[PDB]
Amino acid sequence: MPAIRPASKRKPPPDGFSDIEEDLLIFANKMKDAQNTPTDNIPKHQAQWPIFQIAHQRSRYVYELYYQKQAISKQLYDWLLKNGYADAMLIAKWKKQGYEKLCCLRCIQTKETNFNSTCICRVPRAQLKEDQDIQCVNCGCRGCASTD
RNA sequence: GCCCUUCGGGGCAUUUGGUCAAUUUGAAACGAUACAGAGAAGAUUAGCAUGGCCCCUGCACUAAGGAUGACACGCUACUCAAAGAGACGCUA
Ligand SMILES: [Zn+2]
Ligand SMILES: [Zn+2]
Ligand SMILES: [Zn+2]
């Protein structure tokens, strides 16, 4: 349960959690630090970029600990996905052909753009200009096409 | 990056965003202060309307209030002459 239980109604995590617990608290403390990052010098939409970046990083850590290295059990993986330690839909896109490096879900929400497009960061870099350092207004992505 | 392959080649994925963060120079509103002081032909006053490039409060743009909310109190030649005498004089 994502809802907090006091101490005596908490159930223990599945086995193998204590091996990755330090990195999980590293990601949690990184996100808590991302909460307190000055917005005085950057545009408003740039204030929310590190949260999407850290969510991507933590989901990628869980995803490649289970699918590439296979160093965690399936029960532990489903418990991590169910208790908010990884974004299950972003992982689900990562297992698809062409979305393996997708930055975030909001960058493929085609129903919510002006002309029903994806984000410009979904575009392969070869079809973009040189000296064009694009930086996604949704998350700060600099290009998340699979060929990149 | 991955997948398919008759290793010739092919496939999956496809253009975000009305926002400079940056307050003197792209537009807030008063109050205090000074000043003036609430309509109906003596004095004192309850009101209800009327007209709209005057509004305020209100959910009320089918209430009720805001001094009867305020405002009105001004300014004023022009559809415009005819007579029958007399007369400085005109004139037949
Ligand atoms: Zn994104
Ligand atoms: Zn994007
Ligand atoms: Zn992206």
# chains A, B, ... in the order shown; residues from 1 in each chain; ligands from 1
$ closest_atom_pairs --of "chain B" --to "chain A" --cutoff "7 Å" --atoms "only C-alpha atoms (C1' of nucleotides)" --output "Markdown table"
| residue | atom | partner | partner_atom | distance |
| --- | --- | --- | --- | --- |
| B:1 | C1' | A:146 | CA | 4.8 |
| B:2 | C1' | A:97 | CA | 6.5 |
| B:12 | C1' | A:97 | CA | 5.1 |
| B:13 | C1' | A:98 | CA | 3.9 |
| B:14 | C1' | A:123 | CA | 4.9 |
| B:15 | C1' | A:120 | CA | 4.6 |
| B:16 | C1' | A:119 | CA | 4.2 |
| B:17 | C1' | A:137 | CA | 6.3 |
| B:21 | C1' | A:41 | CA | 4.3 |
$ residues_near_ligand --ligand "ligand 1" --cutoff "6 Å" --atoms "only C-alpha atoms (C1' of nucleotides) and all ligand atoms" --output "tab-separated table (two decimals) with N, CA and C atoms, in the first residue's frame"
chain	number	residue	atom	x	y	z
A	103	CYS	N	11.30	9.12	-22.77
A	103	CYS	CA	11.57	9.92	-21.57
A	103	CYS	C	10.43	9.84	-20.57
A	104	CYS	N	9.21	10.10	-21.02
A	104	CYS	CA	8.05	10.16	-20.14
A	104	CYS	C	6.80	9.93	-20.97
A	106	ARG	N	3.90	11.68	-20.98
A	106	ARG	CA	3.27	12.89	-21.49
A	106	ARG	C	3.81	13.31	-22.85
A	107	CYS	N	4.97	12.81	-23.26
A	107	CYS	CA	5.55	13.14	-24.55
A	107	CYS	C	5.05	12.25	-25.67
A	138	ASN	N	8.05	19.64	-21.87
A	138	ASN	CA	7.39	18.78	-20.89
A	138	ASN	C	8.36	18.31	-19.82
A	139	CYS	N	9.54	17.83	-20.21
A	139	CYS	CA	10.46	17.22	-19.26
A	139	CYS	C	11.92	17.60	-19.45
A	141	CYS	N	13.69	16.73	-22.15
A	141	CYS	CA	14.32	15.69	-22.95
A	141	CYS	C	15.00	16.28	-24.18
$ atom_distance --atom1 "CA of residue 67 in chain A" --atom2 "CA of residue 50 in chain A"
25.0 Å
$ select_by_dssp --residues "range 19-100 of chain A" --states "helix (DSSP H, G or I)" --output "PyMOL selection string"
chain A and resi 19-35+45-47+49-66+74-82+88-94
$ residues_around --residues "residue 71 in chain B" --least-positions-apart "6" --cutoff "12 Å" --atoms "only C-alpha atoms (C1' of nucleotides)" --output "PyMOL selection string"
chain B and resi 51-52+54-55
$ write_last_selection --atoms "N, CA and C atoms (P, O5', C5', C4', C3', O3' and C1' of nucleotides)" --output "PDB file, in the first residue's frame"
ATOM      1  P     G B  51     -37.631  55.106 -19.124  1.00  0.00           P
ATOM      2  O5'   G B  51     -36.468  55.729 -20.014  1.00  0.00           O
ATOM      3  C5'   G B  51     -36.738  56.709 -21.005  1.00  0.00           C
ATOM      4  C4'   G B  51     -35.578  57.661 -21.145  1.00  0.00           C
ATOM      5  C3'   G B  51     -34.199  57.034 -21.005  1.00  0.00           C
ATOM      6  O3'   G B  51     -33.746  56.458 -22.218  1.00  0.00           O
ATOM      7  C1'   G B  51     -34.328  58.984 -19.665  1.00  0.00           C
ATOM      8  P     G B  52     -33.192  54.951 -22.251  1.00  0.00           P
ATOM      9  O5'   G B  52     -31.631  55.131 -22.502  1.00  0.00           O
ATOM     10  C5'   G B  52     -31.138  56.180 -23.329  1.00  0.00           C
ATOM     11  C4'   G B  52     -29.794  56.691 -22.863  1.00  0.00           C
ATOM     12  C3'   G B  52     -28.671  55.655 -22.822  1.00  0.00           C
ATOM     13  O3'   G B  52     -27.434  56.279 -23.167  1.00  0.00           O
ATOM     14  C1'   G B  52     -28.988  56.566 -20.663  1.00  0.00           C
ATOM     15  P     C B  54     -24.473  56.611 -20.142  1.00  0.00           P
ATOM     16  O5'   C B  54     -23.638  56.624 -18.787  1.00  0.00           O
ATOM     17  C5'   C B  54     -22.477  57.428 -18.651  1.00  0.00           C
ATOM     18  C4'   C B  54     -22.061  57.540 -17.208  1.00  0.00           C
ATOM     19  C3'   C B  54     -21.798  56.226 -16.490  1.00  0.00           C
ATOM     20  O3'   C B  54     -20.532  55.661 -16.776  1.00  0.00           O
ATOM     21  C1'   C B  54     -23.161  57.590 -15.135  1.00  0.00           C
ATOM     22  P     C B  55     -20.399  54.071 -16.968  1.00  0.00           P
ATOM     23  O5'   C B  55     -21.521  53.480 -16.005  1.00  0.00           O
ATOM     24  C5'   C B  55     -21.230  52.441 -15.083  1.00  0.00           C
ATOM     25  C4'   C B  55     -21.101  52.974 -13.678  1.00  0.00           C
ATOM     26  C3'   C B  55     -21.090  51.936 -12.569  1.00  0.00           C
ATOM     27  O3'   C B  55     -19.831  51.308 -12.416  1.00  0.00           O
ATOM     28  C1'   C B  55     -22.524  53.727 -11.975  1.00  0.00           C
TER      29        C B  55
END
$ closest_residue --among "A:19, A:9, A:52, A:91" --to "ligand 2" --atoms "only C-alpha atoms and all ligand atoms"
A:52
$ closest_residue --among "B:24, B:73, B:66, B:60" --to "residue 39 in chain B" --atoms "only C-alpha atoms (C1' of nucleotides)"
B:73
$ closest_residue --among "A:84, A:49, A:54, A:79" --to "residue 11 in chain A" --atoms "only C-alpha atoms"
A:79
$ residues_around --residues "residue 26 in chain A" --least-positions-apart "3" --cutoff "12 Å" --atoms "only C-alpha atoms (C1' of nucleotides)" --output "VMD selection string"
chain A and resid 20 to 23 29 to 33 54 57 to 58 61 85
$ write_last_selection --atoms "N, CA and C atoms" --output "PDB file, in the first residue's frame"
ATOM      1  N   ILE A  20      18.748  -3.536  -2.618  1.00  0.00           N
ATOM      2  CA  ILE A  20      18.559  -2.354  -3.452  1.00  0.00           C
ATOM      3  C   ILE A  20      17.989  -1.175  -2.677  1.00  0.00           C
ATOM      4  N   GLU A  21      17.758  -1.340  -1.369  1.00  0.00           N
ATOM      5  CA  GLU A  21      17.128  -0.298  -0.562  1.00  0.00           C
ATOM      6  C   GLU A  21      17.960   0.978  -0.510  1.00  0.00           C
ATOM      7  N   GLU A  22      19.290   0.858  -0.515  1.00  0.00           N
ATOM      8  CA  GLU A  22      20.131   2.049  -0.451  1.00  0.00           C
ATOM      9  C   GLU A  22      19.999   2.894  -1.713  1.00  0.00           C
ATOM     10  N   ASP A  23      19.953   2.254  -2.883  1.00  0.00           N
ATOM     11  CA  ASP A  23      19.750   3.001  -4.121  1.00  0.00           C
ATOM     12  C   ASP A  23      18.334   3.561  -4.206  1.00  0.00           C
ATOM     13  N   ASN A  29      15.795  10.503  -1.982  1.00  0.00           N
ATOM     14  CA  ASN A  29      16.421  11.735  -1.521  1.00  0.00           C
ATOM     15  C   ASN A  29      16.736  12.671  -2.679  1.00  0.00           C
ATOM     16  N   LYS A  30      17.047  12.120  -3.857  1.00  0.00           N
ATOM     17  CA  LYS A  30      17.220  12.951  -5.044  1.00  0.00           C
ATOM     18  C   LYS A  30      15.922  13.658  -5.416  1.00  0.00           C
ATOM     19  N   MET A  31      14.796  12.950  -5.326  1.00  0.00           N
ATOM     20  CA  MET A  31      13.506  13.570  -5.619  1.00  0.00           C
ATOM     21  C   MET A  31      13.135  14.615  -4.568  1.00  0.00           C
ATOM     22  N   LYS A  32      13.430  14.333  -3.295  1.00  0.00           N
ATOM     23  CA  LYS A  32      13.176  15.309  -2.236  1.00  0.00           C
ATOM     24  C   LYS A  32      14.036  16.557  -2.406  1.00  0.00           C
ATOM     25  N   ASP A  33      15.269  16.392  -2.889  1.00  0.00           N
ATOM     26  CA  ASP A  33      16.096  17.549  -3.217  1.00  0.00           C
ATOM     27  C   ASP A  33      15.552  18.288  -4.431  1.00  0.00           C
ATOM     28  N   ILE A  54      14.176  12.198 -12.603  1.00  0.00           N
ATOM     29  CA  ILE A  54      14.432  11.256 -11.514  1.00  0.00           C
ATOM     30  C   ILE A  54      13.437  10.100 -11.540  1.00  0.00           C
ATOM     31  N   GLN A  57      14.789   7.856 -14.097  1.00  0.00           N
ATOM     32  CA  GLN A  57      15.993   7.169 -13.633  1.00  0.00           C
ATOM     33  C   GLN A  57      15.658   6.022 -12.686  1.00  0.00           C
ATOM     34  N   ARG A  58      14.721   6.244 -11.761  1.00  0.00           N
ATOM     35  CA  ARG A  58      14.349   5.197 -10.815  1.00  0.00           C
ATOM     36  C   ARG A  58      13.601   4.059 -11.507  1.00  0.00           C
ATOM     37  N   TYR A  61      16.156   2.068 -13.372  1.00  0.00           N
ATOM     38  CA  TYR A  61      16.928   1.223 -12.466  1.00  0.00           C
ATOM     39  C   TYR A  61      16.170  -0.058 -12.144  1.00  0.00           C
ATOM     40  N   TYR A  85       7.537   2.507  -6.536  1.00  0.00           N
ATOM     41  CA  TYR A  85       8.971   2.624  -6.746  1.00  0.00           C
ATOM     42  C   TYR A  85       9.353   2.628  -8.219  1.00  0.00           C
TER      43      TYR A  85
END
$ closest_residue --among "A:93, A:142, A:69, A:129" --to "ligand 2" --atoms "only C-alpha atoms and all ligand atoms"
A:142
$ atom_distance --atom1 "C1' of residue 34 in chain B" --atom2 "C1' of residue 67 in chain B"
23.4 Å
$ atom_distance --atom1 "CA of residue 56 in chain A" --atom2 "CA of residue 105 in chain A"
10.0 Å
$ decode --residues "range 8-146 of chain A" --atoms "C-alpha atoms" --output "JSON list (two decimals), in the first residue's frame"
[["chain", "number", "residue", "atom", "x", "y", "z"],
["A", 8, "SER", "CA", 2.41, -2.95, 13.59],
["A", 9, "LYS", "CA", 0.20, -3.15, 10.49],
["A", 10, "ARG", "CA", 3.12, -2.77, 8.07],
["A", 11, "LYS", "CA", 3.92, -5.90, 6.15],
["A", 12, "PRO", "CA", 7.59, -6.56, 5.32],
["A", 13, "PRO", "CA", 8.81, -6.15, 1.73],
["A", 14, "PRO", "CA", 9.66, -9.28, -0.28],
["A", 15, "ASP", "CA", 13.12, -10.79, -0.06],
["A", 16, "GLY", "CA", 15.93, -8.96, -1.83],
["A", 17, "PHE", "CA", 14.56, -5.50, -1.00],
["A", 18, "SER", "CA", 17.39, -4.70, 1.43],
["A", 19, "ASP", "CA", 20.00, -5.18, -1.31],
["A", 20, "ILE", "CA", 18.56, -2.35, -3.45],
["A", 21, "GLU", "CA", 17.13, -0.30, -0.56],
["A", 22, "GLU", "CA", 20.13, 2.05, -0.45],
["A", 23, "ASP", "CA", 19.75, 3.00, -4.12],
["A", 24, "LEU", "CA", 15.99, 3.36, -3.64],
["A", 25, "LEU", "CA", 16.59, 5.86, -0.82],
["A", 26, "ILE", "CA", 19.19, 7.54, -3.06],
["A", 27, "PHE", "CA", 16.45, 8.11, -5.65],
["A", 28, "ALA", "CA", 13.98, 9.18, -2.95],
["A", 29, "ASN", "CA", 16.42, 11.73, -1.52],
["A", 30, "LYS", "CA", 17.22, 12.95, -5.04],
["A", 31, "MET", "CA", 13.51, 13.57, -5.62],
["A", 32, "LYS", "CA", 13.18, 15.31, -2.24],
["A", 33, "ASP", "CA", 16.10, 17.55, -3.22],
["A", 34, "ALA", "CA", 14.38, 18.17, -6.56],
["A", 35, "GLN", "CA", 11.41, 19.47, -4.58],
["A", 36, "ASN", "CA", 13.60, 22.28, -3.16],
["A", 37, "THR", "CA", 15.29, 23.60, -6.32],
["A", 38, "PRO", "CA", 15.05, 27.39, -6.87],
["A", 39, "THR", "CA", 12.60, 28.44, -9.62],
["A", 40, "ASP", "CA", 13.74, 32.08, -9.50],
["A", 41, "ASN", "CA", 16.22, 31.78, -12.37],
["A", 42, "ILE", "CA", 14.50, 29.32, -14.73],
["A", 43, "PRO", "CA", 11.22, 29.35, -16.71],
["A", 44, "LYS", "CA", 8.22, 27.84, -14.94],
["A", 45, "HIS", "CA", 8.01, 24.68, -17.07],
["A", 46, "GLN", "CA", 11.72, 24.08, -16.40],
["A", 47, "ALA", "CA", 11.03, 23.80, -12.65],
["A", 48, "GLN", "CA", 9.34, 20.41, -13.15],
["A", 49, "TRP", "CA", 11.98, 18.78, -15.38],
["A", 50, "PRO", "CA", 14.15, 17.11, -12.64],
["A", 51, "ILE", "CA", 11.13, 15.28, -11.20],
["A", 52, "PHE", "CA", 10.40, 13.61, -14.53],
["A", 53, "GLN", "CA", 14.12, 12.92, -14.95],
["A", 54, "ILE", "CA", 14.43, 11.26, -11.51],
["A", 55, "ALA", "CA", 11.21, 9.28, -12.07],
["A", 56, "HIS", "CA", 12.70, 8.03, -15.35],
["A", 57, "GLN", "CA", 15.99, 7.17, -13.63],
["A", 58, "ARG", "CA", 14.35, 5.20, -10.81],
["A", 59, "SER", "CA", 11.98, 3.37, -13.18],
["A", 60, "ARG", "CA", 14.95, 2.55, -15.44],
["A", 61, "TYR", "CA", 16.93, 1.22, -12.47],
["A", 62, "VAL", "CA", 14.08, -1.12, -11.51],
["A", 63, "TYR", "CA", 13.43, -2.07, -15.16],
["A", 64, "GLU", "CA", 17.02, -3.03, -15.96],
["A", 65, "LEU", "CA", 17.52, -4.72, -12.62],
["A", 66, "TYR", "CA", 14.65, -7.06, -13.48],
["A", 67, "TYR", "CA", 14.92, -7.47, -17.27],
["A", 68, "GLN", "CA", 18.63, -7.13, -18.13],
["A", 69, "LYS", "CA", 20.54, -8.30, -15.04],
["A", 70, "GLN", "CA", 17.61, -10.29, -13.54],
["A", 71, "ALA", "CA", 19.03, -9.60, -10.08],
["A", 72, "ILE", "CA", 15.62, -9.21, -8.40],
["A", 73, "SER", "CA", 12.76, -11.67, -8.08],
["A", 74, "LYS", "CA", 9.48, -11.31, -9.97],
["A", 75, "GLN", "CA", 7.55, -10.90, -6.70],
["A", 76, "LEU", "CA", 9.93, -8.12, -5.64],
["A", 77, "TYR", "CA", 9.53, -6.51, -9.08],
["A", 78, "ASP", "CA", 5.72, -6.50, -8.86],
["A", 79, "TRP", "CA", 5.91, -5.17, -5.29],
["A", 80, "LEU", "CA", 8.18, -2.34, -6.46],
["A", 81, "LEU", "CA", 5.81, -1.53, -9.33],
["A", 82, "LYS", "CA", 2.78, -1.69, -7.03],
["A", 83, "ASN", "CA", 4.28, 0.44, -4.23],
["A", 84, "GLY", "CA", 5.26, 3.40, -6.42],
["A", 85, "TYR", "CA", 8.97, 2.62, -6.75],
["A", 86, "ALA", "CA", 8.64, 2.47, -10.54],
["A", 87, "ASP", "CA", 6.16, 3.75, -13.12],
["A", 88, "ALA", "CA", 4.51, 0.69, -14.64],
["A", 89, "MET", "CA", 3.16, 2.40, -17.77],
["A", 90, "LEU", "CA", 6.51, 3.98, -18.68],
["A", 91, "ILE", "CA", 8.11, 0.55, -18.22],
["A", 92, "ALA", "CA", 5.34, -0.90, -20.42],
["A", 93, "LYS", "CA", 6.26, 1.58, -23.16],
["A", 94, "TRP", "CA", 9.94, 0.70, -22.67],
["A", 95, "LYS", "CA", 9.20, -2.93, -23.62],
["A", 96, "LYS", "CA", 7.70, -1.87, -26.97],
["A", 97, "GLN", "CA", 9.39, -1.61, -30.36],
["A", 98, "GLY", "CA", 10.32, 2.04, -30.86],
["A", 99, "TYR", "CA", 9.65, 3.32, -27.33],
["A", 100, "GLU", "CA", 12.58, 1.66, -25.52],
["A", 101, "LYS", "CA", 14.18, 4.98, -24.51],
["A", 102, "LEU", "CA", 11.03, 7.09, -24.06],
["A", 103, "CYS", "CA", 11.57, 9.92, -21.57],
["A", 104, "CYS", "CA", 8.05, 10.16, -20.14],
["A", 105, "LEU", "CA", 4.45, 9.29, -20.93],
["A", 106, "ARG", "CA", 3.27, 12.89, -21.49],
["A", 107, "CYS", "CA", 5.55, 13.14, -24.55],
["A", 108, "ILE", "CA", 3.49, 10.58, -26.47],
["A", 109, "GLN", "CA", 0.05, 11.89, -25.45],
["A", 110, "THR", "CA", -1.03, 12.86, -28.95],
["A", 111, "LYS", "CA", -4.55, 13.87, -27.90],
["A", 112, "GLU", "CA", -3.15, 16.79, -25.86],
["A", 113, "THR", "CA", -1.03, 18.66, -28.41],
["A", 114, "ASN", "CA", -2.15, 21.46, -30.72],
["A", 115, "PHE", "CA", -1.89, 19.47, -33.97],
["A", 116, "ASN", "CA", -2.14, 15.92, -32.54],
["A", 117, "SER", "CA", 1.62, 15.37, -32.67],
["A", 118, "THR", "CA", 4.02, 13.67, -30.31],
["A", 119, "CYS", "CA", 6.79, 15.69, -28.73],
["A", 120, "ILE", "CA", 9.66, 16.97, -30.86],
["A", 121, "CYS", "CA", 11.99, 14.85, -28.69],
["A", 122, "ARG", "CA", 10.42, 11.69, -30.17],
["A", 123, "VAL", "CA", 11.94, 12.60, -33.56],
["A", 124, "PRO", "CA", 15.17, 10.89, -34.68],
["A", 125, "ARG", "CA", 18.12, 13.27, -34.55],
["A", 126, "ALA", "CA", 19.02, 12.74, -38.23],
["A", 127, "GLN", "CA", 15.81, 14.46, -39.37],
["A", 128, "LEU", "CA", 16.57, 17.48, -37.15],
["A", 129, "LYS", "CA", 18.91, 20.36, -37.95],
["A", 130, "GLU", "CA", 22.50, 20.61, -36.83],
["A", 131, "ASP", "CA", 23.24, 22.93, -33.88],
["A", 132, "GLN", "CA", 19.61, 22.29, -32.81],
["A", 133, "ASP", "CA", 19.81, 21.41, -29.12],
["A", 134, "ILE", "CA", 16.10, 20.86, -28.57],
["A", 135, "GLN", "CA", 15.01, 20.65, -24.95],
["A", 136, "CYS", "CA", 11.46, 19.35, -24.39],
["A", 137, "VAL", "CA", 9.11, 21.74, -22.59],
["A", 138, "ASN", "CA", 7.39, 18.78, -20.89],
["A", 139, "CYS", "CA", 10.46, 17.22, -19.26],
["A", 140, "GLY", "CA", 13.68, 18.68, -20.70],
["A", 141, "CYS", "CA", 14.32, 15.69, -22.95],
["A", 142, "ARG", "CA", 17.02, 16.23, -25.57],
["A", 143, "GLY", "CA", 15.84, 13.39, -27.83],
["A", 144, "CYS", "CA", 14.45, 10.02, -26.78],
["A", 145, "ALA", "CA", 14.09, 8.25, -30.13],
["A", 146, "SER", "CA", 15.26, 4.64, -30.05]]
